[PDB]
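What follows are structure tokens for two forms of the same protein chain, given separately as structure 1 and structure 2.
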Structure 1
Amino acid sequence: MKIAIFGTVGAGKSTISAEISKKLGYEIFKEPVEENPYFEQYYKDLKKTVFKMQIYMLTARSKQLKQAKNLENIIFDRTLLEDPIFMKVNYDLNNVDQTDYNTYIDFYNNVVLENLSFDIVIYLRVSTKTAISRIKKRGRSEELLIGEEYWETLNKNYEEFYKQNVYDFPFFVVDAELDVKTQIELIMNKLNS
């Protein structure tokens, strides 16, 4: 049983994974957030940090894969293949031009994807406004520094990623507008088969 929890910032991926990790007793794998040296920088000045951030995060994914692909029972807060979503966002908001985005996608497919799977990818589908409010009460204060446009563009691209599903994830969709209690009940049900 290899589980992943998928969705934008403030979707409640951490709250959901923790509860699951309590109920089934598996280990949660979490990307560096407190340890990321570019975190505050990233939200003050996207244009200047996007590349630094991206290279750091891609290194971290590469490490997680090393340990994960020899374990039967795992829970993943985010998957390894979701970094281009944040790039695509900066591209849409004109922090990254065509050339950069072409270099990155050329980079991603020809350098990164040379590393080359879950049982279920839970998608916490949520509106922008709700995620924004969960950043206010559950997320990192740095995340409070950029405008709404960023979060809108992120949510948009997350759904886009889910609809195109280019890696063929065994997706399962949960309406995250519901309170956590219900979300857990629907997740535990689906997992029981």
Structure 2
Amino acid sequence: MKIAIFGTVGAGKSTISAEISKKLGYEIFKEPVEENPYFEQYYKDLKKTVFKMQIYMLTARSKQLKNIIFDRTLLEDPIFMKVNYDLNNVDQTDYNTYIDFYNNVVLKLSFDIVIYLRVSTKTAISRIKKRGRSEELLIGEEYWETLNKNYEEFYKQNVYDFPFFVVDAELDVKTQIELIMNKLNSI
């Protein structure tokens, strides 16, 4: 069973992953933020850092690819590039470069279930504040709201093409996990 955990920043992906790991005994595929050489400076200037960061993300995720829970997937990385292009942090040319580059260089990738931890931006932000990553504290709400909208739109455009299972991430973790295990056991 290949379990994808899908959702925006502050959705609770790593918490949910850990809880599923506890119950099934599965390995978690994580990409640790502390090992990301770009993270410290990323949010200080998006215009300067985005492209470099997003190529790094593709690389790192690909090496992990060479019974699993995926704490965020490679499907999600282009969402972050799209958001920065929407917010003019990336121009048309750089976006084309990455996009073409994503399909013709980066792009098995099969998941038994893609768990979409759908969450309001408000809750996502307060989870971000609670966690207290200094780097994430810097950018404003518009960034988070744009990203969330982009996560929902990715989901709507791809709903038929992946085995999505939507989880209300406003619910408390015990409930989320109970709904997730019930779903996993039924398949």
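We call the rigid core whatever largest set of C-alpha positions still superposes within 1.5 Å between the two forms. Numbers follow structure 1, counted from its first residue as 1.
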{"query": "Sole residue of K44, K129, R138, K47 shifting 2 angstroms or more in CA between the two structures, core aligned", "finding": "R138"}
{"query": "Core superposition result - C-alpha of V166, shift between the two structures, Å", "finding": "7.6"}
{"query": "Core-referenced Cα shift (Å), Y150, between the two structures", "finding": "0.4"}
